[PDB]
Protein chains: 6
Amino acid sequence: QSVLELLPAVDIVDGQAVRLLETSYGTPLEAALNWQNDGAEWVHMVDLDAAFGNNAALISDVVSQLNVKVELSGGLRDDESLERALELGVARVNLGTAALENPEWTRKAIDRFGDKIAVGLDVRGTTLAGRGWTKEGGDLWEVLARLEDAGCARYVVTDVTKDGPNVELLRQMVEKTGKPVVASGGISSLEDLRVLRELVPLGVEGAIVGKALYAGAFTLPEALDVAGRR
Amino acid sequence: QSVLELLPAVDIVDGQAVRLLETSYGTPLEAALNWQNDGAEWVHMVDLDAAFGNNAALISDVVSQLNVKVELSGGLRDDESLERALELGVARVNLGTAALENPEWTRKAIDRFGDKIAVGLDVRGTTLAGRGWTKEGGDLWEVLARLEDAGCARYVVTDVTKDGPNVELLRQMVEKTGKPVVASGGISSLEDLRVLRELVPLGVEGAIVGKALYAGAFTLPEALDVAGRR
Amino acid sequence: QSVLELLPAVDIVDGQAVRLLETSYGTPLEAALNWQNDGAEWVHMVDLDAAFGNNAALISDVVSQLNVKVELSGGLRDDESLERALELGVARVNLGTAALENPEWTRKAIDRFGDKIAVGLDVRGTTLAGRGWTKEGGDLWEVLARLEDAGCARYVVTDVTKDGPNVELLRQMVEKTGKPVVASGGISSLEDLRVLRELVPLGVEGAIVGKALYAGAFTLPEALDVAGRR
Amino acid sequence: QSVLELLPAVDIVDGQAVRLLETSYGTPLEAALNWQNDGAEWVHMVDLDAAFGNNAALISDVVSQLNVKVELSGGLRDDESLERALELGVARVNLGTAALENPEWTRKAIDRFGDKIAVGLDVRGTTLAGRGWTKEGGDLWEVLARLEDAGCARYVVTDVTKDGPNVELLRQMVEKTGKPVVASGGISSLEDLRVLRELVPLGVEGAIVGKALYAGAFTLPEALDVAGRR
Amino acid sequence: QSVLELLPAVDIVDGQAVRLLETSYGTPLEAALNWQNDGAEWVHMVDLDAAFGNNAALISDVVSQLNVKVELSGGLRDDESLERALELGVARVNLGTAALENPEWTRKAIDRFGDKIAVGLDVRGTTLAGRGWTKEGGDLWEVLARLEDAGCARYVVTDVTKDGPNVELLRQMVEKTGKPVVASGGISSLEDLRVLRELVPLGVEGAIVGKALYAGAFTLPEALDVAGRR
Amino acid sequence: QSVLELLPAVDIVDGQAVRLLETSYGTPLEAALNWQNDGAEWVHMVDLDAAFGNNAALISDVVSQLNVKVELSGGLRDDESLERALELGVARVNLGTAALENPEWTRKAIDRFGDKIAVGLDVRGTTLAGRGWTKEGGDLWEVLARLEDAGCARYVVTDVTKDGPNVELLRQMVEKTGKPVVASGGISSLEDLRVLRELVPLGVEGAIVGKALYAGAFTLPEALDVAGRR
Ligand SMILES: [Cl-]
Ligand SMILES: [Cl-]
Ligand SMILES: [Cl-]
Ligand SMILES: [Cl-]
Ligand SMILES: [Cl-]
Ligand SMILES: [Cl-]
Ligand SMILES: [Cl-]
Ligand SMILES: [Cl-]
Ligand SMILES: [Cl-]
Ligand SMILES: [Cl-]
Ligand SMILES: [Cl-]
Ligand SMILES: [Cl-]
């Protein structure tokens, strides 16, 4: 059975990161090291300071001192922020809002950096998240169409609903694009990982895991045993 | 028996939050996680720094890493503050003073954001709280009348007296508006939760809990057993 | 026997407060919570940062999360400082030096805010404390006369001598004014609390307690048993 | 036998103070409280931040919450610094260098504030300490002559040599002035306290103690038993 | 058998450094001391703050208080940064990107400072790492050719791939240059150290070790036993 | 046998100092106190913040509260820095680079302050350390000649090589100058202290100790037993 990659979360907030052992804080390195110690191949690192930051050295420490691969997201919205992030040596970045608000910029980024770029999409069902005073979340399939035309290598789809994984949506995206899709959200137990691993032959590549870890539904080693060991 | 939702409090003060285990401080995530671990569906998060702040990343961490829903209040007084708060992805916000001092702004907010907006009212009996040099707390029923005309989805009524829950007031508001009302204050024991849960069929939706928790009157699991488990 | 109210001290210094368990520091909330846990009805909170500060959020946390009533003092010397303090929702404030240096301002404050205002007087015997290069402590009875004409609701008299409670002075003030008087200083043992409680029928309302607590002369529960439980 | 007062040292450095239990740091209040707990009547508090500072709130906390009397020194060199220090309510201050470099200012201070002012003199044998590029330590007896003419109430003489107490010098000063003299330095054992206590009838009032405490030569209770209990 | 030198890593990030005992943070001195305590001759110190800083005093502390030799890298990109680093007294520095982007500057540095200068090259296989919007990693052998013409004393080759040591590349560089080469990356077990030590007679001088230490593959004493004890 | 004075090191770095008990950080006072507790007469205090700072209060605390004598070095390079350091009351200072780069200034300092001034010389064998872009370490004997003409009271010679004590150099300097010389570096065991103590009759006065302490070669009490107890 083909392996479902896991990307346990590391959130950088006020220049530190929670680590799940109970909880403690410390550096992003210590949080990512905890996951590596458990058998992780990847971490999904979100720089929340940058998103809403000067954590470049903290991020570079993770890249330089750990074997785990870093997928970095948060505030990668313009030429300077993107170039600086890639200069840190991370394995991959995720673009988010601006990549959908600035489609030509996203295309320019994909053209230049190729498989180092993935695009994140936050969804409630099949609706894109986000509502401001004058802006609304666009049409998911119209957005996907633009990214596909740009040759986006990889999609990260985060279900943000609070009210299991959306298999139908993940299926539709893998079929429209023929690209790897990474799922996030909708995971409450190891059974949800089983459900996602059944989709690996269809193109679901991996899952970001975080909420279920902090909720104590399972540990990372338990998740890796279910998702698959390479 | 219909369930009374509980919204245990998390107060962000100097960029940290007390957690009740004895007390310790740490991040808002750790405080909200403690409640989630106890079975909470919601937390009522007050950004006191913003009210009297740059806690956006701390708040986003809670939203992103926890299953608990966040009702966010504190300093949501103008277009920028409101839009920024909603951009954090929180389930709901509460407006307070400005929403009563700027009725047209409140109406504009309700029109645009709908059920993401609730309005908080601080009361002593049936008098609105607040006295300045030249401003006084307005007429509770005149204020409610304006909010009802605006189509406010939900009210959060906090009894600030220090001298049980005001059943008569909560009854009157649910009947005037036909909207859900969340109670805060006047809770000293589990019996007060019983009293409030009897009002769920009349439209009392939930209770914010905080004072009684810190006073040791009960624990959150004990409260949830009384208020109801879904 | 009529109860003598106790107002155990909480001093906010560099944005933190000592807590007496040995001593430890933490937030003003944790200090006030310790007293509440012991049975306190009130705390006497002094913002020393403001007096000699941006502790508004820390103070609001105490008001919002605790059942104990807060009597707040420190740097309440002008329209802005006073209005901001009252906006925090505290039960009562104490004015100090400026209230005696600006009698018309004090009168204006008393007229507007009524029983939310008490005035603190520091004394050595019957002499008002304070000596600068060009200013001296005024005449205690001349100052009291002005406050009485203004209708001051309540006096807090702090004996600052270091060289038991001054029963004669407290008696004279209760008789001149017919107002409640709160005593501070001159307490070295539980017997001093007995002495003060005998004055409750004459108008001594309460005692601030602090020095004797830190000196280990008694604990707060021991003091409350002597002063009276409501 | 007349009692020799002890004034154990508290040094405020970077807004904190070492406490001798081993050593730990914390607030000036906690350091002064440790001495009070041991039976101290006085502490000799040096604000080193001010000397070489905004510790006003920390100092006021000590004054307000402790029974121990504070003798405050450090950076009290001009009208503003002196007035601010006295406004903190401390029992006594010590003037140092400026009081000898600005004799008329010192006289003005003594005239206004009387027994709240003592003057500190640092000595090596009978030579005043201090050598700059263009300034030298003046003549001890010529300096004393000016202070005596000014009516200085009290002298604090600190022996700064590192190469027992100088009984002859302390004798000469008490006889020239008829004023109380407080000794500091030259104390290596309890016997040195005995030597100093024999001088109490001649006018040596007290000793600052610090070096011997940190050196472990004795504890404060042991010192108080030797110096005398009132 | 000729000894392979080990250069265990110390990364200075936010003015502190992780130490591997589990992990803890503290000063760069404490991290380097841990390695020295284990038998290290060298540490490879990276100032990540400078790279992406004012850690000069922290670095000087290591140089001054420890017997271990420091190889310092990070942000040594111009005349001022280089001169300041060498003024700290470190045994050796490593130049990185600028040394390849500014070949004449690198030559000037090598000419002046000789064997105090080594040049670091980050590689994926035989491709130089780094891709920006308009800049790409140059040709490894063309870069090496320029450094050889400049008389570069020593090369530090870091394999940054995440997808054993590259013996062929290390062989080619030692043969092209006749200079010592230090390897970094590609070490997952003690066997990889054996592989590298076999290359010591060919000119591989040492290995930086870090990833494998934090991964728990071996301890530093275990590594030193394999690499060789002098 | 004449005693060899020991001057255990205290390095002030980021306003704190490592203390060797394992290691911990705290204040310079706590570090110097540890040495005093072990029997030290002197500490050699280096203000690395000043060298590469506002540690004046921290330094004054050491001087004022401890019996140990302080030899202070670091950044004493000009009239203001030197005068300020001496105003802290330290027993002695060491001048370093500027004293050799500004010989007339050094002479002016020696003329004014006499035996309070010692000059530090960093050496590799008999070569003065330091190489910049345009400056080189001068000729050791030519530098010494200038200092001797100036009447320098004392020399501190630090061997900075990393590749026992240099008896020949220390001998030559004591004979050229007839002044006390303090050695630093080249100490790996108690035997090296024996070697240095044999030179006391020739004019070697003392040794700074630090590297060997942190390396665990001996403890300070063990060193004092070897160097001599007065
Ligand atoms: Cl990576
Ligand atoms: Cl998850
Ligand atoms: Cl939420
Ligand atoms: Cl409650
Ligand atoms: Cl209150
Ligand atoms: Cl008291
Ligand atoms: Cl006092
Ligand atoms: Cl002493
Ligand atoms: Cl080095
Ligand atoms: Cl490694
Ligand atoms: Cl000294
Ligand atoms: Cl040494």
# chains A, B, ... in the order shown; residues from 1 in each chain; ligands from 1
$ residues_around --residues "residue 229 (chain F)" --least-positions-apart "3" --cutoff "9 Å" --atoms "only C-alpha atoms" --output "PyMOL selection string"
chain F and resi 3-5+39+224-226
$ select_by_dssp --residues "chain D" --states "alpha helix (DSSP H)" --output "number ranges by chain"
D: 28-38, 48-51, 56-65, 79-87, 97-101, 103-113, 140-150, 167-177, 190-197, 211-214, 220-227
$ select_by_dssp --residues "region 68-221 of chain E" --states "strand (DSSP E)" --output "PyMOL selection string"
chain E and resi 69-73+92-95+117-124+127-128+155-159+181-184+204-209
$ interface_residues --of "chain B" --to "chain C" --cutoff "9 Å" --atoms "only C-alpha atoms" --output "count of residues only"
30
$ residues_around --residues "residue 2 (chain A)" --least-positions-apart "5" --cutoff "9 Å" --atoms "only C-alpha atoms" --output "compact mmCIF listing (two decimals) with N, CA and C atoms, in the first residue's frame"
# COMPACT_ATOMS: atom_id res chain seq x y z
N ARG A 197 -5.31 7.59 3.31
CA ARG A 197 -4.29 6.73 2.65
C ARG A 197 -4.87 5.94 1.49
N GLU A 198 -6.17 5.61 1.55
CA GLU A 198 -6.83 4.93 0.41
C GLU A 198 -6.82 5.79 -0.85
N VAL A 200 -4.21 7.73 -1.82
CA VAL A 200 -2.83 7.91 -2.32
C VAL A 200 -2.68 7.48 -3.80
N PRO A 201 -3.27 6.34 -4.16
CA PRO A 201 -3.18 6.03 -5.61
C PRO A 201 -3.92 6.98 -6.56
N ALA A 227 -0.38 5.69 8.51
CA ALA A 227 -0.13 6.35 7.24
C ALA A 227 0.91 5.65 6.39
N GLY A 228 1.84 4.96 7.04
CA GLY A 228 2.87 4.19 6.35
C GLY A 228 4.30 4.67 6.64
$ residues_around --residues "residue 172 (chain C)" --least-positions-apart "2" --cutoff "12 Å" --atoms "only C-alpha atoms" --output "JSON, numbers by chain"
{"C": [126, 140, 141, 144, 157, 166, 167, 168, 169, 170, 174, 175, 176, 177, 178, 179, 180, 181, 199, 202, 203, 204]}
$ residues_near_ligand --ligand "ligand 2" --cutoff "7 Å" --atoms "only C-alpha atoms and all ligand atoms" --output "list in words"
residues 184, 185, 187, 188, 208, 209, 210, 211, 212 and 213 of chain A
$ atom_distance --atom1 "CA of residue 217 (chain D)" --atom2 "CA of residue 8 (chain D)"
13.9 Å
$ atom_distance --atom1 "CA of residue 152 (chain F)" --atom2 "CA of residue 182 (chain F)"
13.3 Å
$ atom_distance --atom1 "CA of residue 158 (chain D)" --atom2 "CA of residue 76 (chain D)"
16.9 Å
$ closest_residue --among "B:161, B:173, B:16, B:192" --to "ligand 5" --atoms "only C-alpha atoms and all ligand atoms"
B:161
$ decode --residues "region 26-49 of chain F" --atoms "N, CA, C and O atoms" --output "PDB file, in the first residue's frame"
ATOM      1  N   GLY F  26      24.138  34.044  35.855  1.00  0.00           N
ATOM      2  CA  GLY F  26      23.565  34.986  36.763  1.00  0.00           C
ATOM      3  C   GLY F  26      24.354  36.271  36.710  1.00  0.00           C
ATOM      4  O   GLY F  26      24.934  36.625  35.678  1.00  0.00           O
ATOM      5  N   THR F  27      24.362  36.989  37.810  1.00  0.00           N
ATOM      6  CA  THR F  27      24.995  38.286  37.796  1.00  0.00           C
ATOM      7  C   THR F  27      26.494  38.151  37.955  1.00  0.00           C
ATOM      8  O   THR F  27      27.007  37.090  38.402  1.00  0.00           O
ATOM      9  N   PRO F  28      27.224  39.207  37.587  1.00  0.00           N
ATOM     10  CA  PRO F  28      28.660  39.224  37.891  1.00  0.00           C
ATOM     11  C   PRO F  28      28.944  39.056  39.397  1.00  0.00           C
ATOM     12  O   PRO F  28      29.878  38.376  39.783  1.00  0.00           O
ATOM     13  N   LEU F  29      28.094  39.638  40.245  1.00  0.00           N
ATOM     14  CA  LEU F  29      28.263  39.456  41.682  1.00  0.00           C
ATOM     15  C   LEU F  29      28.246  37.992  42.064  1.00  0.00           C
ATOM     16  O   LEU F  29      29.087  37.539  42.833  1.00  0.00           O
ATOM     17  N   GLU F  30      27.282  37.243  41.528  1.00  0.00           N
ATOM     18  CA  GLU F  30      27.170  35.824  41.892  1.00  0.00           C
ATOM     19  C   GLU F  30      28.377  35.016  41.402  1.00  0.00           C
ATOM     20  O   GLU F  30      28.816  34.117  42.072  1.00  0.00           O
ATOM     21  N   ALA F  31      28.904  35.376  40.250  1.00  0.00           N
ATOM     22  CA  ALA F  31      30.085  34.690  39.743  1.00  0.00           C
ATOM     23  C   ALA F  31      31.314  34.992  40.605  1.00  0.00           C
ATOM     24  O   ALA F  31      32.093  34.111  40.903  1.00  0.00           O
ATOM     25  N   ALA F  32      31.492  36.270  40.935  1.00  0.00           N
ATOM     26  CA  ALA F  32      32.644  36.683  41.738  1.00  0.00           C
ATOM     27  C   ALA F  32      32.507  36.127  43.163  1.00  0.00           C
ATOM     28  O   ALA F  32      33.516  35.784  43.802  1.00  0.00           O
ATOM     29  N   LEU F  33      31.260  36.062  43.666  1.00  0.00           N
ATOM     30  CA  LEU F  33      30.989  35.519  45.008  1.00  0.00           C
ATOM     31  C   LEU F  33      31.383  34.057  45.096  1.00  0.00           C
ATOM     32  O   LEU F  33      31.960  33.593  46.091  1.00  0.00           O
ATOM     33  N   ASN F  34      31.080  33.305  44.044  1.00  0.00           N
ATOM     34  CA  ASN F  34      31.487  31.875  43.968  1.00  0.00           C
ATOM     35  C   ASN F  34      33.009  31.748  44.157  1.00  0.00           C
ATOM     36  O   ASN F  34      33.479  30.973  45.001  1.00  0.00           O
ATOM     37  N   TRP F  35      33.782  32.560  43.425  1.00  0.00           N
ATOM     38  CA  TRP F  35      35.217  32.549  43.612  1.00  0.00           C
ATOM     39  C   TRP F  35      35.630  33.002  45.010  1.00  0.00           C
ATOM     40  O   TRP F  35      36.526  32.411  45.612  1.00  0.00           O
ATOM     41  N   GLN F  36      35.034  34.068  45.513  1.00  0.00           N
ATOM     42  CA  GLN F  36      35.358  34.496  46.859  1.00  0.00           C
ATOM     43  C   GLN F  36      35.101  33.390  47.878  1.00  0.00           C
ATOM     44  O   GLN F  36      35.925  33.196  48.781  1.00  0.00           O
ATOM     45  N   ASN F  37      33.963  32.719  47.754  1.00  0.00           N
ATOM     46  CA  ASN F  37      33.585  31.589  48.612  1.00  0.00           C
ATOM     47  C   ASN F  37      34.619  30.466  48.630  1.00  0.00           C
ATOM     48  O   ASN F  37      34.753  29.777  49.629  1.00  0.00           O
ATOM     49  N   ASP F  38      35.340  30.309  47.514  1.00  0.00           N
ATOM     50  CA  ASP F  38      36.408  29.336  47.357  1.00  0.00           C
ATOM     51  C   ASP F  38      37.766  29.800  47.914  1.00  0.00           C
ATOM     52  O   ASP F  38      38.708  29.018  47.949  1.00  0.00           O
ATOM     53  N   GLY F  39      37.897  31.075  48.291  1.00  0.00           N
ATOM     54  CA  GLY F  39      39.101  31.604  48.880  1.00  0.00           C
ATOM     55  C   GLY F  39      39.839  32.607  48.015  1.00  0.00           C
ATOM     56  O   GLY F  39      40.928  33.021  48.351  1.00  0.00           O
ATOM     57  N   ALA F  40      39.244  33.023  46.902  1.00  0.00           N
ATOM     58  CA  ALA F  40      39.901  33.993  46.029  1.00  0.00           C
ATOM     59  C   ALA F  40      40.129  35.353  46.713  1.00  0.00           C
ATOM     60  O   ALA F  40      39.266  35.811  47.458  1.00  0.00           O
ATOM     61  N   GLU F  41      41.290  35.952  46.426  1.00  0.00           N
ATOM     62  CA  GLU F  41      41.642  37.317  46.811  1.00  0.00           C
ATOM     63  C   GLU F  41      41.243  38.340  45.744  1.00  0.00           C
ATOM     64  O   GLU F  41      41.027  39.522  46.064  1.00  0.00           O
ATOM     65  N   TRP F  42      41.310  37.900  44.467  1.00  0.00           N
ATOM     66  CA  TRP F  42      41.081  38.721  43.278  1.00  0.00           C
ATOM     67  C   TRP F  42      40.105  37.995  42.364  1.00  0.00           C
ATOM     68  O   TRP F  42      40.048  36.754  42.373  1.00  0.00           O
ATOM     69  N   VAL F  43      39.441  38.772  41.533  1.00  0.00           N
ATOM     70  CA  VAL F  43      38.846  38.267  40.316  1.00  0.00           C
ATOM     71  C   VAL F  43      39.346  39.114  39.162  1.00  0.00           C
ATOM     72  O   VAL F  43      39.647  40.320  39.332  1.00  0.00           O
ATOM     73  N   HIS F  44      39.474  38.495  37.982  1.00  0.00           N
ATOM     74  CA  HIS F  44      39.795  39.221  36.778  1.00  0.00           C
ATOM     75  C   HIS F  44      38.503  39.314  35.996  1.00  0.00           C
ATOM     76  O   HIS F  44      38.030  38.305  35.423  1.00  0.00           O
ATOM     77  N   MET F  45      37.941  40.515  35.988  1.00  0.00           N
ATOM     78  CA  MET F  45      36.617  40.794  35.428  1.00  0.00           C
ATOM     79  C   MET F  45      36.788  41.437  34.068  1.00  0.00           C
ATOM     80  O   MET F  45      37.445  42.472  33.956  1.00  0.00           O
ATOM     81  N   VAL F  46      36.235  40.794  33.036  1.00  0.00           N
ATOM     82  CA  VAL F  46      36.278  41.334  31.680  1.00  0.00           C
ATOM     83  C   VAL F  46      34.862  41.729  31.262  1.00  0.00           C
ATOM     84  O   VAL F  46      33.955  40.912  31.270  1.00  0.00           O
ATOM     85  N   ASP F  47      34.682  42.991  30.931  1.00  0.00           N
ATOM     86  CA  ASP F  47      33.404  43.486  30.422  1.00  0.00           C
ATOM     87  C   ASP F  47      33.444  43.356  28.891  1.00  0.00           C
ATOM     88  O   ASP F  47      33.912  44.237  28.166  1.00  0.00           O
ATOM     89  N   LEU F  48      32.979  42.223  28.401  1.00  0.00           N
ATOM     90  CA  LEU F  48      33.017  41.944  26.964  1.00  0.00           C
ATOM     91  C   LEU F  48      32.013  42.766  26.196  1.00  0.00           C
ATOM     92  O   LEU F  48      32.190  43.035  24.999  1.00  0.00           O
ATOM     93  N   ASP F  49      30.927  43.141  26.867  1.00  0.00           N
ATOM     94  CA  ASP F  49      29.982  44.057  26.261  1.00  0.00           C
ATOM     95  C   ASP F  49      30.668  45.373  25.914  1.00  0.00           C
ATOM     96  O   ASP F  49      30.534  45.884  24.783  1.00  0.00           O
TER      97      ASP F  49
END
